[PDB]
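Analysis of the macromolecular model
The lines below spell out each chain.
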Amino acid sequence: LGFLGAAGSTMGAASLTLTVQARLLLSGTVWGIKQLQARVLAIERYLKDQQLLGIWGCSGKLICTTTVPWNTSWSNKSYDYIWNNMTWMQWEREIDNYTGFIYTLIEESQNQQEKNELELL
Amino acid sequence: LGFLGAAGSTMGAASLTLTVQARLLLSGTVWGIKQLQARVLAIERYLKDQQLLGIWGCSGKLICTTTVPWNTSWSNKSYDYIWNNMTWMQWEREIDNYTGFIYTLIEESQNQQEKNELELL
Amino acid sequence: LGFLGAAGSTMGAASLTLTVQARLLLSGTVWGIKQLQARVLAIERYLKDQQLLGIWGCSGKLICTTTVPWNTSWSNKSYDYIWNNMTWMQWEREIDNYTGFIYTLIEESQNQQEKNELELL
Amino acid sequence: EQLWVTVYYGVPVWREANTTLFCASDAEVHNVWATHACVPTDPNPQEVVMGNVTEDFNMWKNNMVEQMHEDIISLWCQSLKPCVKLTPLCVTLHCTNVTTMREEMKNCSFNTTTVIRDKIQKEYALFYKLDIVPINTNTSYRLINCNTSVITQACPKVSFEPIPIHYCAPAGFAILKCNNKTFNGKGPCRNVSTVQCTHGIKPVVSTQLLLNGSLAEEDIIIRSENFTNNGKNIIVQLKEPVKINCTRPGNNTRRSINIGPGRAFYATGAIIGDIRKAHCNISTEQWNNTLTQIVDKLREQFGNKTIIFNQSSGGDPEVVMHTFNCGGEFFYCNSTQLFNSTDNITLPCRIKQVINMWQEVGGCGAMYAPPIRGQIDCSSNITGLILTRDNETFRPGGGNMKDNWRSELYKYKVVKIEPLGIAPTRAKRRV
Amino acid sequence: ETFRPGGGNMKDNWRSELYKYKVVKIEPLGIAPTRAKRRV
Amino acid sequence: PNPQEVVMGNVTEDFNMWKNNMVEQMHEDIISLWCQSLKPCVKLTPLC
Amino acid sequence: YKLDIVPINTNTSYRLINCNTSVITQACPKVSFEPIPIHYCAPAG
Amino acid sequence: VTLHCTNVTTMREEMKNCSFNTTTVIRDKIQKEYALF
Ligand SMILES: *[C@@H]1O[C@H](CO)[C@@H](O[C@@H]2O[C@H](CO)[C@@H](O[C@@H]3O[C@H](CO[C@H]4O[C@H](CO)[C@@H](O)[C@H](O)[C@@H]4O)[C@@H](O)[C@H](O[C@H]4O[C@H](CO)[C@@H](O)[C@H](O)[C@@H]4O[C@H]4O[C@H](CO)[C@@H](O)[C@H](O)[C@@H]4O)[C@@H]3O)[C@H](O)[C@H]2NC(C)=O)[C@H](O)[C@H]1NC(C)=O
Ligand SMILES: *[C@@H]1O[C@H](CO)[C@@H](O[C@@H]2O[C@H](CO)[C@@H](O[C@@H]3O[C@H](CO)[C@@H](O)[C@H](O[C@H]4O[C@H](CO)[C@@H](O)[C@H](O)[C@@H]4O)[C@@H]3O)[C@H](O)[C@H]2NC(C)=O)[C@H](O)[C@H]1NC(C)=O
Ligand SMILES: *[C@@H]1O[C@H](CO)[C@@H](O[C@@H]2O[C@H](CO)[C@@H](O[C@@H]3O[C@H](CO)[C@@H](O)[C@H](O)[C@@H]3O)[C@H](O)[C@H]2NC(C)=O)[C@H](O)[C@H]1NC(C)=O
Ligand SMILES: *[C@@H]1O[C@H](CO)[C@@H](O[C@@H]2O[C@H](CO)[C@@H](O[C@@H]3O[C@H](CO)[C@@H](O)[C@H](O)[C@@H]3O)[C@H](O)[C@H]2NC(C)=O)[C@H](O)[C@H]1NC(C)=O
Ligand SMILES: *[C@@H]1O[C@H](CO)[C@@H](O[C@@H]2O[C@H](CO)[C@@H](O[C@@H]3O[C@H](CO)[C@@H](O)[C@H](O)[C@@H]3O)[C@H](O)[C@H]2NC(C)=O)[C@H](O)[C@H]1NC(C)=O
Ligand SMILES: *[C@@H]1O[C@H](CO)[C@@H](O[C@@H]2O[C@H](CO)[C@@H](O[C@@H]3O[C@H](CO)[C@@H](O)[C@H](O)[C@@H]3O)[C@H](O)[C@H]2NC(C)=O)[C@H](O)[C@H]1NC(C)=O
Ligand SMILES: *[C@@H]1O[C@H](CO)[C@@H](O[C@@H]2O[C@H](CO)[C@@H](O[C@@H]3O[C@H](CO)[C@@H](O)[C@H](O)[C@@H]3O)[C@H](O)[C@H]2NC(C)=O)[C@H](O)[C@H]1NC(C)=O
Ligand SMILES: *[C@@H]1O[C@H](CO)[C@@H](O)[C@H](O)[C@H]1NC(C)=O
Ligand SMILES: *[C@@H]1O[C@H](CO)[C@@H](O)[C@H](O)[C@H]1NC(C)=O
Ligand SMILES: *[C@@H]1O[C@H](CO)[C@@H](O)[C@H](O)[C@H]1NC(C)=O
Ligand SMILES: *[C@@H]1O[C@H](CO)[C@@H](O)[C@H](O)[C@H]1NC(C)=O
Ligand SMILES: *[C@@H]1O[C@H](CO)[C@@H](O)[C@H](O)[C@H]1NC(C)=O
Ligand SMILES: *[C@@H]1O[C@H](CO)[C@@H](O)[C@H](O)[C@H]1NC(C)=O
Ligand SMILES: *[C@@H]1O[C@H](CO)[C@@H](O)[C@H](O)[C@H]1NC(C)=O
Ligand SMILES: *[C@@H]1O[C@H](CO)[C@@H](O)[C@H](O)[C@H]1NC(C)=O
Ligand SMILES: *[C@@H]1O[C@H](CO)[C@@H](O)[C@H](O)[C@H]1NC(C)=O
Ligand SMILES: *[C@@H]1O[C@H](CO)[C@@H](O)[C@H](O)[C@H]1NC(C)=O
Ligand SMILES: *[C@@H]1O[C@H](CO)[C@@H](O)[C@H](O)[C@H]1NC(C)=O
Ligand SMILES: *[C@@H]1O[C@H](CO)[C@@H](O)[C@H](O)[C@H]1NC(C)=O
Ligand SMILES: *[C@@H]1O[C@H](CO)[C@@H](O)[C@H](O)[C@H]1NC(C)=O
Ligand SMILES: *[C@@H]1O[C@H](CO)[C@@H](O)[C@H](O)[C@H]1NC(C)=O
Ligand SMILES: *[C@@H]1O[C@H](CO)[C@@H](O)[C@H](O)[C@H]1NC(C)=O
Ligand SMILES: *[C@@H]1O[C@H](CO)[C@@H](O)[C@H](O)[C@H]1NC(C)=O
Ligand SMILES: *[C@@H]1O[C@H](CO)[C@@H](O)[C@H](O)[C@H]1NC(C)=O
Ligand SMILES: *[C@@H]1O[C@H](CO)[C@@H](O)[C@H](O)[C@H]1NC(C)=O
Ligand SMILES: *[C@@H]1O[C@H](CO)[C@@H](O)[C@H](O)[C@H]1NC(C)=O
Ligand SMILES: *[C@@H]1O[C@H](CO)[C@@H](O)[C@H](O)[C@H]1NC(C)=O
Ligand SMILES: *[C@@H]1O[C@H](CO)[C@@H](O)[C@H](O)[C@H]1NC(C)=O
Ligand SMILES: *[C@@H]1O[C@H](CO)[C@@H](O)[C@H](O)[C@H]1NC(C)=O
Ligand SMILES: *[C@@H]1O[C@H](CO)[C@@H](O)[C@H](O)[C@H]1NC(C)=O
């Protein structure tokens, strides 16, 4: 438990390590110049990840409710069976080559109910 | 379409380019020093704009619902007629010489219902 | 009134200076190197304080509703009597030697209803 | 089903990403290794215990060493510029026999700068035979490196002891260390763990012998990708550290020359002790103790007394003789007895002031330490050992700088976090 | 009219390639009237 | 641009004059300006 | 000036007062010396 | 330094084969090298 604690723990019931991962993500001469190109990198790394969460209407919640449903092109994985025995490392590898399309799609959908909020009153 | 895409498009129905403007706002020797005073400027440019949205109670929504109504001193512009044929760049020029008052006035109202939230329960 | 305005004013009814404290927190050769180790420090100072607010589920509200109740080990202070005549300087000093526990405990509770939100639907 | 999607942030996902490392002092006026700008605080690191991770470590391909290799050169070369330089001193020296201190000492004359710009007085100072080189009959004697590169003086207040340091990536990055001493890391580690920052590592410089290294758990490990590799060769981790002692009880005085305005060049004064060359003291049975261990393990990788230890052919002084560094000196020990396949045996050692160790690696002025006024009596451990493959015969080798540091960073790797992930659940609570 | 070669000033050899470029600053902030008061 | 000089009230704050490091911070600053403003200039030597 | 110069032959052996201690540099003529007022203040936060 | 500098002994036009009286590499014993300009 701690920094990246419970990394090898359960697939879905290991949510207890979400908060400890988020807190330690930013808070934590020859070296001085290196420190300048060591602290700015840590700053934008946190902001870059926070950029995606902010635009999708799911900033600061650790759950990002959306409207776009699943697509057959990703994979076929059952519920409650793939979610108890599978390495989370391999799960990301399966979608990395096709992960980038989701970011644009959600924002296109996120702007829909953003406009309808004023209309629906 | 893209970085500042659809800039010359419709006045109010061009909201589709809102998200693409936000994502690209931050993510994107002699010149090493120049780079240092080229990325920090990029960072604060995002935070300074994000500072206004954060305190007004409209962080990460792309709309800012408020309570302060319009004032006669800004201008007289009709609805659905000025909103289909007018240059947005010219629109800002008209109020830029008086825009600064809005920022302070809104938070004087934003902090109001913040207290009433506890009182109303 | 202004930067740290009304610092010596009332304890609970001095919330009017909350917004002005927030805006000024970030917006505001021999010196050039000094400026580099003067502007990055200002940035993380805002982020570090914003890190605690973000993870506790009270980002950008100025009020952090929680579930963890009081504990007898902090102090016995009455309501509406200690809240009208007391130096806020002295208030923080009392708990500063034990304030560190709150940050972890709140997160351990903030993650509970995060999971129950999906379950409760 | 009408499956929706949601995003989880803060989930453990990894990626290999070359990046920079910090420094931690973990602890005194100056030091060649800064250890003053480094963050000293290490408040009880967690060393979080991961489990059930099949992670692969690559030891040849790891760039932590390469990142560190450039860092060390930067520290040495940048720590010499803000102090005096030898030049102008490498003029031809009217230099003769010694009038008795003997052997390398060649009491020698300068005929160079005064201090008031113009006058030029004929001062003198000692020098070693290795330092001086011939270009008259036997008086044309100048410095060995004035022909090639400028020469700079070690700055007297700057120390040289290897104060331990720690490396670790900034926030948003993690360090992977697998805690089990059975890995020649090129494949899977199972008992992996995370540490906030690296433990003690001592940046010592030597060749064929790694000193003050890690503490072995009564195990001998040999790590090389291909045991029949034609390039780099065996690297050995030794038994429990062996106490090796070297000393030069040749107490000397310190002389000031004032080579220029506000310069104060220094050189060896004289000898007032006893003419006794530098020597190293290793126990007589320790070398056989470690011998039987590597020998028995060598019978597995290599065909099974057919083991022969022979000296290197030669060609580079930095490789032929073992290199030492204690008390600010730089010994050059004839390593014949160490690798001859063999009380308290004595190992001869010579001393040369000028070293160009940091001129052929990154490029800048050669360094030379000033004499030390006091005794050394430096004692040290030994935990590493290097050999080369030509019955199989092993010879001393190395040469490449990126060898003395591979024995301590084999179990470390920089990894990047990928907190973004997508999951399907029920959704559409919003409009 | 007679023409002669000239120049001299260094800010001439590069003007012919950056005539069609201009650094510009974004102004993402704006105010729009709508219906509101969904909050308290 | 027109500092506010906001006035605090009823504050019992202690200031330490010997222990304050603004002077010590500025003392090194002044030395840096003087010493760093001379390196990009001609040196007298050789003249003595 | 007599203060600047210091004695080391009889009375002509006169060098600068600081050549035997530290190097001597000349301030560039363009660099002014008037004490222009300055202000010290910490960053935001 | 002032160059004991003469005509060309053929190379011609702007070539003016010339001598230096250089400073040598041993920081002493100036040698009289030459090169073109
Ligand atoms: C593997 O690791 C071992 C263990 O560290 C290491 O051996 C150590 O070597 C270092 C030098 O490299 C030794 O430290 C030096 O030791 C002597 C003597 O100090 C001892 O004795 C005095 C007696 O009063 C005690 O007070 C003291 O605590 C020690 O026991 C000195 O030569 C050194 O002191 C000088 O250097 C210091 C560090 O730079 C300075 O702070 C200090 O002021 C001294 O310099 C000043 O004074 C000098 C006086 O003559 C003067 O000449 C200088 O110009 C200057 O003004 C230093 O303490 C240490 O004792 C060794 N440890 C053991 C257990 O033997 C191995 O070297 C290492 N292996 C490798 C390959 O690096
Ligand atoms: C390296 O070689 C150089 C060059 O030879 C050598 O330098 C010499 O050092 C000696 C040290 O004694 C100097 O001799 C001294 O010079 C004057 C003469 O007026 C006096 O100070 C000394 O006389 C006293 O001491 C003598 C004993 O040394 C007595 O016999 C005498 O009665 C006096 O009491 C003494 O003669 C000499 O001048 C220098 N020479 C030069 C050219 O600088 C140096 O010693 C050699 N170094 C080593 C380590 O061998
Ligand atoms: C971080 O970046 C460094 C380089 O900045 C990476 O190391 C280098 O990786 C490249 C390939 O990406 C290697 O290039 C290849 O090397 C040889 C040259 O003979 C040959 O196979 C090819 O022609 C090609 O040039 C390079 O050798 C290698 N090493 C160096 C010193 O540059 C490193 O992989 C990165 N680290 C990560 C991602 O962890
Ligand atoms: C430093 O270099 C100078 C260079 O001038 C050396 O001066 C030389 O000193 C020697 C004696 O040490 C002189 O030799 C003698 O000179 C005269 C004839 O010139 C005569 O007495 C003898 O026949 C003998 O040759 C020499 O002339 C003199 N000059 C030169 C140019 O060599 C000086 O000795 C050097 N000092 C040291 C310590 O090396
Ligand atoms: C600066 O001076 C040194 C010392 O003179 C130069 O060393 C030179 O090294 C070469 C190669 O070893 C020598 O050539 C031959 O080497 C061997 C061993 O002696 C043998 O074949 C011959 O007897 C011969 O010496 C050479 O003699 C030696 N000296 C000179 C003057 O060339 C070094 O190369 C010089 N560096 C530069 C950049 O000029
Ligand atoms: C995988 O690696 C972890 C982390 O190194 C190993 O946990 C370590 O286990 C050892 C042996 O039990 C513990 O040492 C013990 O610690 C205390 C004194 O500090 C005391 O109980 C004993 O005297 C002994 O020294 C060590 O503390 C512990 N490390 C941590 C961070 O908890 C684990 O054993 C490894 N697993 C395998 C299967 O190798
Ligand atoms: C480099 O500079 C030196 C400075 O000494 C030049 O040496 C000079 O060489 C010339 C001949 O080339 C000498 O001239 C002859 O000298 C004597 C009388 O002193 C006599 O043989 C003749 O009547 C004639 O004057 C001259 O003395 C000598 N010294 C000086 C001070 O000029 C040298 O020539 C220069 N080298 C080059 C390549 O420029
Ligand atoms: C999946 O994505 C593809 C490519 O954009 C699209 O044509 C399709 O309609 C989507 N839905 C399904 C169920 O495949
Ligand atoms: C979806 O994957 C499942 C995995 O069990 C498989 O049974 C099914 O046939 C797949 N469907 C298609 C259309 O490939
Ligand atoms: C996970 O466990 C279930 C239940 O025993 C089993 O049916 C399934 O095959 C397992 N999956 C994997 C990938 O081992
Ligand atoms: C790359 O994308 C392909 C589909 O184009 C996929 O099969 C593969 O798993 C992805 N990842 C790789 C090759 O690492
Ligand atoms: C507009 O602003 C002015 C100036 O603060 C104020 O007096 C007035 O009441 C506001 N409202 C209208 C309708 O003008
Ligand atoms: C407001 O502007 C409109 C523009 O059509 C104009 O008709 C109207 O008279 C203006 N009102 C005042 C009070 O100036
Ligand atoms: C915009 O179009 C409307 C409808 O035709 C017209 O009445 C109005 O004058 C137009 N406005 C401008 C500024 O051209
Ligand atoms: C500037 O402010 C004036 C009134 O102060 C206004 O009439 C004008 O439109 C504003 N903008 C300009 C001149 O661009
Ligand atoms: C207060 O904290 C302590 C220490 O964790 C705990 O044992 C106790 O239950 C808490 N509650 C009260 C009322 O003391
Ligand atoms: C809590 O503090 C109050 C202060 O008025 C005191 O009356 C009360 O006795 C205290 N309780 C305990 C359990 O110490
Ligand atoms: C605050 O005022 C109340 C009401 O007069 C009084 O009872 C109490 O003692 C006061 N507290 C302090 C700390 O002076
Ligand atoms: C420090 O902690 C102690 C108890 O550990 C507490 O009594 C005190 O009020 C705290 N604050 C101080 C001394 O400023
Ligand atoms: C994986 O290792 C964990 C500890 O990290 C252990 O609790 C779990 O039982 C292991 N799972 C399997 C299938 O071996
Ligand atoms: C004198 O120097 C020569 C030449 O280096 C050397 O061979 C000889 O041994 C030396 N003699 C003495 C007595 O030191
Ligand atoms: C740890 O090393 C021991 C000793 O060789 C070995 O038996 C064991 O399998 C290893 N365990 C791991 C890698 O988890
Ligand atoms: C090791 O190197 C030898 C010599 O080049 C080669 O034949 C052999 O295949 C290599 N071993 C491996 C495992 O690649
Ligand atoms: C040498 O190794 C031993 C092993 O017990 C250790 O106690 C000692 O401190 C080590 N010496 C140095 C100088 O690190
Ligand atoms: C070395 O000799 C000097 C001569 O002054 C003396 O002061 C010093 O103590 C000696 N060093 C020893 C005995 O270690
Ligand atoms: C080397 O020195 C150490 C430390 O004083 C000592 O314990 C050891 O016995 C010495 N080595 C030998 C071979 O005597
Ligand atoms: C070492 O090799 C040389 C040839 O390079 C040979 O003459 C000598 O006998 C060998 N020595 C040993 C001890 O094997
Ligand atoms: C080391 O000594 C041996 C004799 O013990 C000798 O043959 C060899 O040349 C020496 N090596 C060096 C580099 O001095
Ligand atoms: C090594 O043994 C010799 C035997 O004469 C002894 O004098 C010496 O002190 C020993 N070396 C140590 C203990 O370091
Ligand atoms: C606090 O200061 C205000 C003015 O800022 C003053 O009216 C009030 O009386 C002061 N309170 C006390 C207790 O001195």
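Here the residue numbering is sequential from 1 along each chain as its sequence is written and may not follow the entry numbering; residues with no coordinates are omitted from view. Both sets of labels track the order of writing: A upward for chains, 1 upward for ligands. Taken together, the chains in view make up part of a larger assembly, and the values describe this part alone. Derived side-chain values reflect all non-hydrogen atoms in the structure, with water molecules and hydrogen atoms excluded from consideration.

If you check the header, you'll see the entry was determined by cryo-EM and the resolution is listed as 4.5 Å.

Describing the interface of chain H and chain D
At the junction of the two partners, chain H supplies 4 residues and chain D supplies 8 residues. We define buried area as the total accessible area lost by two parts upon association, computed with a 1.4 Å probe and summed across both. Where chain H abuts chain D, roughly 460 Å² becomes buried across the two surfaces, and 60% of that area is made up of carbon and sulfur atoms. Sorting the residues of chain H by area buried against chain D places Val 25, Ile 26 and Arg 27 of chain H first, and these three jointly supply 89% of that buried surface. Salt bridges are identified by distance alone: a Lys or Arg side-chain nitrogen within 4 Å of an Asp or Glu carboxyl oxygen. Where chain H touches chain D, the interface holds 0 salt bridges. Within the side of chain H that touches chain D, the residues separate by chemical class into 2 nonpolar, no polar and 2 charged. By the convention used here, residues are in contact when the closest approach between their heavy atoms is within 4.5 Å. Under the grouping applied here, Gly and all other residues not named as nonpolar or charged are polar, the nonpolar ones being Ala, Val, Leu, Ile, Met, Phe, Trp, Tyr, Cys and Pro and the charged ones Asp, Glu, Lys and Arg.

Side note on the interface of chain D and chain A
Listed by partner, the interface residues are 51 residues for chain D and 59 residues for chain A. Summed over both sides, the interface of chain D with chain A buries roughly 5200 Å², with 67% coming from carbon and sulfur. Among the residues chain D hides against chain A, the three largest losses belong to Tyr 9, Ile 422 and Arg 430 of chain D. Together they make up 16% of the total. Put simply, chain D and chain A have 1 salt bridge between them. A salt bridge links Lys 34 of chain A to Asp 71 of chain D; its shortest N-O distance comes to 2.9 Å. Looking at the side of chain D that touches chain A, the elements that each hand over two or more residues are β1 (6-9), β2 (14-15), α1 (64-78), β10 (173-178), β29 (413-417) and β30 (420-423) of chain D. The helix count covers DSSP runs of H or I at least four residues long, the strand count covers runs of E at least two residues long, and both are numbered beginning at the N terminus. The element that contributes the greatest number of residues to the side of chain D that touches chain A is α1 of chain D, accounting for 5 residues.

Structural notes on the site of ligand 27
Residues and elements named next belong to chain D. The environment of ligand 27 is made up of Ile 308, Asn 310 and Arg 395. Definition of a polar contact: a pair of N or O atoms within 3.5 Å, with one able to donate and the other able to accept a hydrogen when the atoms are protein atoms, and with sequence-neighbouring residues admitted only if both atoms are side-chain atoms. Contact between ligand 27 and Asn 310: an oxygen atom at 2.3 Å from a side-chain N or O atom of the residue. One of the side-chain N or O atoms of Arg 395 is found 3.5 Å from an oxygen atom in ligand 27. For ligand 27, whose accessible area on its own is 360 Å², the fraction buried by protein is 29%. Any residue with a heavy atom positioned within 4 Å of a molecule or strand is treated as near that molecule or strand. In these tables, accessible area is a Shrake-Rupley quantity obtained with a 1.4 Å probe, and a residue counts as shielded only by the protein chains included in the view.

Considerations on the sheet that holds strand β23 (residues 354-355) of chain D
Paired through backbone hydrogen bonds, the strands of a sheet run either parallel or antiparallel to each other. Residue and element names in this part refer to chain D. By definition, two strands form a pair when at least two bridges between them are found by DSSP. Strand order in the open sheet formed by 3 strands is β9-β24-β23, and the pairing between neighbours is mixed. Edge positions in the sheet fall to β9 (151-153) and β23, since each has one partner strand and no second. With 2 bridges joining them, β23 and strand β24 (residues 366-368) adopt antiparallel strand pairing. In the sheet register, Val 354 faces β24, and the bridge partner there is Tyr 368.

A closer look at the site of ligand 6
All names here are of chain D. Neighbouring residues of ligand 6: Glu 47, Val 49, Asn 179 and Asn 191. Note that an oxygen atom of ligand 6 is positioned 3.2 Å from one of the side-chain N or O atoms of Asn 179. Within the contact set of ligand 6, an oxygen atom lies 2.4 Å away from a side-chain nitrogen or oxygen of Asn 191. Protein burial of ligand 6: of its 740 Å² of free accessible surface, 25% is covered by the chains. Here the shell around ligand 6 is built from residues that sort into 1 nonpolar, 2 polar and 1 charged.

Remarks on the state of the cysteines
Only a pair of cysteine sulfur atoms within 2.5 Å counts as a disulfide in this structure description. Using the criterion set out here, one finds 16 disulfides over all chains in the structure. Between the sulfur atoms of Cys 246 of chain D and its disulfide partner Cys 280 of chain D the distance amounts to 2.0 Å. With the S-S dihedral at roughly 110°, the linkage between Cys 246 of chain D and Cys 280 of chain D falls on the right-handed side. Of the two residues, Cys 246 of chain D sits in strand β15 (residues 244-247) while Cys 280 of chain D sits in strand β18 (residues 279-281), which places them 34 residues apart along the sequence. Only protein chains enter the accessibility calculation, which uses a 1.4 Å probe; a residue is then buried when its area is under 20% of its type maximum, exposed when over 50%, and partly exposed in between. What makes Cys 246 of chain D buried here is its relative accessible area of 1%. When its relative accessible area of 1% is taken as the criterion, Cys 280 of chain D is described as buried. Looking at the unpaired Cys 35 of chain F, the closest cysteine sulfur is the one in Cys 41 of chain F, lying at 12 Å.

A look at unusual backbone geometry
Following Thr 87 of chain D, the chain continues into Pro 88 of chain D via a peptide bond in cis, with omega recorded as -5°. With respect to the helices and strands, the residue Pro 88 of chain D is situated in the loop between α1 and β4 (93-94). A cis amide bond links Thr 45 of chain F with the next residue in sequence, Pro 46 of chain F, at an omega value of -5°. Mapping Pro 46 of chain F onto the fold places it in the segment after α1 (22-36). The residue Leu 121 of chain B is not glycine, and still its phi comes out positive at about 60°.

Regarding the packing of helix α2 (residues 30-55) of chain A against α1 of chain D
Where α2 of chain A meets α1 of chain D, the axes come as close as 10 Å, and the angle between the chain directions of the two elements is 140°. Considered as vectors, α2 of chain A and α1 of chain D are oriented oblique to each other. Of the residues in α1 of chain D, those in contact with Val 30, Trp 31 and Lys 34 of chain A of α2 of chain A are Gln 67, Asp 71, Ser 74, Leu 75 and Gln 78 of chain D. For the contact of α2 of chain A with α1 of chain D, the per-class residue count stands at 3 nonpolar, 3 polar and 2 charged. Here an angle of 0 to 180 degrees is reported between the N-to-C directions of two axes, which are lines fitted to C-alpha atoms, with helices fitted over the stretch in contact. Every angle not falling under 35 degrees, over 145, or within 65 to 115 is termed oblique; those three ranges are roughly parallel, roughly antiparallel and roughly perpendicular.

Digging into the environment of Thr 45 of chain F
Mapped onto the elements of the fold, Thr 45 of chain F is located in the segment after α1. Discounting chain neighbours no more than four positions away, the residues touching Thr 45 of chain F are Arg 117 of chain D together with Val 23 and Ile 24 of chain G.

Some details on the pattern of salt bridges
Residues and elements named next belong to chain A. Enumeration over the complete set of coordinates arrives at 22 salt bridges over all chains. The salt bridge partner of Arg 93 is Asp 96, with a shortest N-O separation of 2.7 Å. With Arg 93 and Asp 96 both in helix α3 (residues 88-120), this residue pair falls 3 residues apart, about one helical turn. Residue class for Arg 93 comes out partly exposed when judged on its relative accessible area of 39%. Given a relative accessible area of 26%, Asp 96 falls into the partly exposed group.

Regarding the packing of aromatic side chains
Both the distance between ring centres and the angle between the ring planes are used here to describe each pair of aromatic rings. The criterion for an aromatic pair is that two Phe, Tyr or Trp rings (for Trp, the six-membered ring) have centres within 6.5 Å, with stacked assigned to planes under 30 degrees apart, edge-to-face to planes over 60 apart and tilted to the rest. By the definition in use, this model includes 22 aromatic pairs over all chains. Geometrically, the ring pair formed by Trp 56 of chain B and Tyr 103 of chain B is stacked, given 5.6 Å between the ring centres and 20° between the ring planes. Residue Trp 56 of chain B is located in the loop between α2 (30-55) and α3 (88-96), and its partner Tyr 103 of chain B is located in helix α4 (residues 100-120); the two are separated by 47 residues in the primary sequence. According to the relative accessible area criterion, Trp 56 of chain B is buried, its value standing at 9%. For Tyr 103 of chain B, a relative accessible area of 26% puts it in the partly exposed group. Ring pairing ties together the aromatic residues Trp 33, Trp 76, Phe 160, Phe 330 and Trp 358 of chain D, which thus form one cluster.

Notes on the arrangement of the chains
The highest contact count of any of the 13 pairs of chains in contact belongs to chains A and D. At the C-alpha level, the nearest point of chain A lies 17 Å from chain G, with no contact between them. Here chain E and chain H are not in contact; the least distance found between their C-alpha atoms is 26 Å.

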